[PDB]
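Heads up, the chain below is alone and in the form deposited in one PDB entry; it's given as structure tokens.
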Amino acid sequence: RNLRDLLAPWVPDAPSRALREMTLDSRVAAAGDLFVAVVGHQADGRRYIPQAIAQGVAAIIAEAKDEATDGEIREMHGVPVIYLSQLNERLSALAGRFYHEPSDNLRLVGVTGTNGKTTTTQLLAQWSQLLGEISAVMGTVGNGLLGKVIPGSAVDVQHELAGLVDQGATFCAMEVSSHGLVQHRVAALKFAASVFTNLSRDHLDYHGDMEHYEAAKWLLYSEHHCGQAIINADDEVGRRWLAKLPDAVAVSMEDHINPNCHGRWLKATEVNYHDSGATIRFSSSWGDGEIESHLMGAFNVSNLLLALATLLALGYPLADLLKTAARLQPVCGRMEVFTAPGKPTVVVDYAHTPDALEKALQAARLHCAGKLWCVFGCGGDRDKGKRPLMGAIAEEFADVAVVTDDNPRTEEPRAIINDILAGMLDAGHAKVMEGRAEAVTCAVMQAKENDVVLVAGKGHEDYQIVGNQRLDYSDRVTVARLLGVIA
């Protein structure tokens, strides 16, 4: 790493200086490092230039705004300081070059939208790896090679991706936040493909409002290397995107493919939601097929079909994707199904707000021939507002509501429960069982063979906070034990 080589595309005159690490933070700036001084949210890194120089940085790249011309090379206390205008916009490219263009050294797939990012990225990484890639994810769980995912500027993004390349990754599925995009955090990434899941941005109901928002997004889009575009045609904004992108792949499970366009497409033609997942028949421009998904709910059919269409688009063979689909797993504690021969279907989900709970119940209902049970509670010593709302949701969208504890902390457990019940039209028909373990047991053992028991609120977590203590407790382990299986 050399300053001169780093800057060659932009500043031909730049001096030659060995560089160690690249950093935005003058505090962490070590000897031999490259300090980048950017202007941000009430904050000017340029004021920390003397600090970093005293900490022994090898060189500095600084925002030229008001202070210098673009590409002006100065020298303070020996150390070269180079000014670039619109540095925030160019940071991703600068960092890309610094870390030897990590997105050119693996297949990077970006997933954006309100919901389904985590699952869709997870499925992409899994499926690609099943087909022989070494796959990684960068998302809100964390970053890492599949199974080794550890829990954030444009530099950090390029640095993390470079780390994954170094660890041997050939494929990376990255969640892309709308916040990230607008702030140029992925501006210079070479995406092999870009997936759009959906949009639940309200405050867009005017055609004076909707227009600046869309215009801003179209512009940004035109500035990114998006690669192959894969778009959910069951979303209204999805169809607007598709109207203007003839090379994009449309994906649908609800009849929104317009085959007149002669584009690439993929649609589910029938889905049977059963007690251990979903059976999905689809047609596509790559040919037809049938998948057994071990994921629950309609949204997860959609996510799976997006992952499939993306991989097909990138040239992974249909036959191999089909042969491997059955090994695709849910994200731990996200509509995670537990079945055992001759027992009720049990689903562990982390849903802990009214919205999430409603979605999880609706999803579970599709798979439920019998009664749908909902085992849940609400956090103690936290905001109380959601309690009666979650109560009303359980009452409406389930047949049996079992109200129990969920991290009651220092608050009286029964007080929390009373707050939940107050939300119901007929609290008297709700079952209350204190001791979360006992409540789960009550549902699992009373439910019929074709009932579905949703156990909501904890998902992957392995603790129940009672008082000051984190006791060892898992919904997954509790369920697994009761059904005579492994978690």
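For every residue, the number given is its place in the sequence shown, counted from 1.
One more form of this protein exists, namely the form deposited with a small molecule bound; it is left out here, but the text below deals with it.
Worksheet item: Just one of 222, 167, 86, 272 has a heavy atom within 4.5 Å of the small molecule in the bound PDB entry. Which one?
Response: Only one listed residue qualifies here, and that residue is 222.
Item to complete: May I ask you to choose, among 317, 287, 385, 152, the residue with a heavy atom within 4.5 Å of the small molecule in the bound PDB entry?
Response: Of the candidates 317, 287, 385, 152, 152 is the one lying within 4.5 Å of the small molecule in the bound PDB entry.
Practice prompt. Tell me, yes or no, whether residue 156 is in contact with the small molecule in the bound PDB entry, where a contact means a heavy atom of each within 4.5 Å.
Written response: Although the small molecule is absent here, residue 156 would touch it in the bound PDB entry, with heavy atoms inside 4.5 Å.
Worksheet item: Is residue 218 one of the residues lying within 4.5 Å of the small molecule in the bound PDB entry, judged by heavy atom distances?
Response: Flag for residue 218 set to yes.
Item to complete: With heavy atoms only and a cut-off of 4.5 Å, decide whether residue 279 touches the small molecule in the bound PDB entry.
Response: Flag for residue 279 set to no.
Worksheet item: Looking at the partner-bound form in the bound PDB entry, is residue 362 within 4.5 Å of the small molecule by any heavy atom?
Response: Contact with the small molecule, no.
Worksheet item: Which of 395 to 403, 328 to 336, 122 to 130, 184 to 192 has heavy atoms within 4.5 Å of the small molecule in the bound PDB entry?
Response: Selected stretch: 184 to 192.
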